[PDB]
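**Q** Dropping in the first section of the assembly, placed as in the complex:
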Amino acid sequence: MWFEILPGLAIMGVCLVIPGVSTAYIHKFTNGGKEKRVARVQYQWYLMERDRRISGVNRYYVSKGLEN
């Protein structure tokens, strides 16, 4: 009957959730538990480049607080 279409869609629907959920989680794994910063203007790139050189480890996803 018509509900026999669900197997075609059920594991198809899973296959269209992986590309979305995976990217969000992969970003958080690589970027130290924070979202992937997005540079759409030169102002933001200067800020990431700043954080890349602020931190001793040359990575912009480690954030130094008020401890300097």
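**A** Perfect, thanks for sending it. Numbering: from 1, shown residues only, chains lettered A, B, ... in the order given.

**Q** mind checking how far residue A:4 is from residue A:10?
**A** For residue A:4, the distance to residue A:10 (C-beta to C-beta, to the nearest Å) stands at 11 Å. To be clear about C-beta, it is placed using only N, CA and C from the backbone, and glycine gets the same treatment.

**Q** got it, and residue A:67?
**A** In terms of C-beta to C-beta, residue A:67 sits 50 Å off from residue A:10.

**Q** These two: which has the busier surroundings?
**A** Applying other C-beta atoms under 10 Å to residue A:67 and residue A:10 shows that residue A:10 carries more neighbours, namely 9 against 4.

**Q** Go through stretch A:58-68 and flag the buried ones.
**A** A:60-61 (16 or more other C-beta atoms under 10 Å).

**Q** how far does that stretch sit from the chain's center?
**A** In terms of C-alpha atoms, centre = their mean, to the nearest Å, the centre of stretch A:58-68 is set 18 Å apart from its chain centre.

**Q** tell me which element the spatially most central residue of chain A is part of?
**A** Nearest residue to the geometric centre of chain A (C-alpha atoms, centre = their mean): residue A:27, 2.7 Å. Following DSSP states H and E, one finds residue A:27 within helix A:18-30.

**Q** put chain B onto that model:
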Amino acid sequence: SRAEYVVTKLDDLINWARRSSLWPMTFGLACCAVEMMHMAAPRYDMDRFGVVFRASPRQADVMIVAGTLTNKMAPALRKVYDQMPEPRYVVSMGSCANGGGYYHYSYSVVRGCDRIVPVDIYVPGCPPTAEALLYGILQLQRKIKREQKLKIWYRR
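**A** Placing chain B onto the earlier chains gives this:
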């Protein structure tokens, strides 16, 4: 373990994909093709067996020669049969295509498509019932189920 055993399973794998995706060709000549439509009709759906009709011979595995094959058409049928990429199968359908059928003694009928293309399965009748052709298609599927093409390759 023996290397022969792995070969057969691959042989059964390639055969299986060729059994459940048997695409015929929209090549109904006459008066059996009406019952070749009924095979495609709701009652005896061919999409159940992964059997889908495609117009181009380049994308057709089996050719259902359904209907009387005449002299004027004989050169065309062989040409179309040649275009189908191998492996290809032919399923002669009905009396007019198996032998000459009702027009065996006419001056412009080739007495059976077996004279022009090599036939794999013959489906008798006039017209064969939609089940009779479906039994032919299934009996063609069981033919691919026993090919032994990769098994002999190990023996060559």
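
**Q** sorry, back to before: run a quick neighbour tally on the nearest residue to the residue nearest to the centre of chain A once chain neighbours are set aside.
**A** Nearest non-adjacent residue to residue A:27, counting by C-beta to C-beta, 6 or more residues apart in numbering or on different chains: residue A:36, 4.3 Å away. Residue A:36 has 12 neighbours, counted by other C-beta atoms under 10 Å in any protein chain shown.

**Q** Do I have it right that residue A:36 meets residue A:26?
**A** No. At 9.2 Å, residue A:36 does not count as touching residue A:26 under the criterion of C-beta atoms under 8 Å.

**Q** helices or strands up against the helix holding residue A:27?
**A** Helix A:18-30 is packed against no helix or strand, with contacts defined by 3 or more C-beta pairs under 8 Å, 6 or more residues apart in numbering or on different chains; DSSP states H and E.

**Q** biggest helix in chain B by residues?
**A** Using DSSP state H, we find that the single longest helix of chain B is helix B:3-19.

**Q** Counting by contacts, list what that one packs against.
**A** By 3+ C-beta pairs under 8 Å, 6+ apart, helix B:3-19 packs against helix B:130-144, helix B:149-155.

**Q** go ahead and place chain C:
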Amino acid sequence: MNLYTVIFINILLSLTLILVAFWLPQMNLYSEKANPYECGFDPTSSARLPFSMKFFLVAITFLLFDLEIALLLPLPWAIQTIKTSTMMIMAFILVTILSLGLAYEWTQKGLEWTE
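**A** Chain C now in position relative to the chains above:
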């Protein structure tokens, strides 16, 4: 470099599949098979002969309408301009000008196909 990897990953994937398409299966070639298809019968003439179209007038005006959008896609950044009034007039005129050209093409049977 992230975007270079993706297309070259796709290119490799597409090449590998098509490469496996041509060397995996068993082939048996002869002249009758590789000839043009043309619905069972041998073609009377090649398919390279001049094949006249009849929508060439719409084909040309498609270019002018394609350049026409190139003058409209800057609108989202043009709205940010301090003026907001010169932009709007020069936006209506461009769209209105396209319409009048389309309207004249309409009445002259430009969009209709040569019989």
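
**Q** tally of neighbours for residue B:4?
**A** 10.

**Q** Repeat that for residue B:13.
**A** 11.

**Q** Likewise for residue B:49?
**A** Neighbour tally, residue B:49, other C-beta under 10 Å: 15.

**Q** how about the residue lying closest to it once chain neighbours are set aside, what does it touch?
**A** Nearest non-adjacent residue to residue B:49, counting by C-beta to C-beta, 6+ apart: residue B:20, 6.6 Å away. Neighbouring residues of residue B:20 by C-beta atoms under 8 Å, 6 or more residues apart in numbering or on different chains: B:49-50, B:141.

**Q** And the residue nearest to the centre of chain A, how close does it get to residue C:10?
**A** From residue A:27 to residue C:10 the distance is 21 Å (C-beta to C-beta).

**Q** Buried residues, the longest helix of chain B. List them.
**A** Under the neighbour-count criterion of 16 or more other C-beta atoms under 10 Å in any protein chain shown, helix B:3-19 has B:7, B:11-12, B:15, B:18-19 buried.

**Q** For it, give me every contacting residue.
**A** For helix B:3-19, the surrounding residues in contact (C-beta under 8 Å, 6+ apart) are B:61, B:87, B:141, B:144-151, B:153-154.
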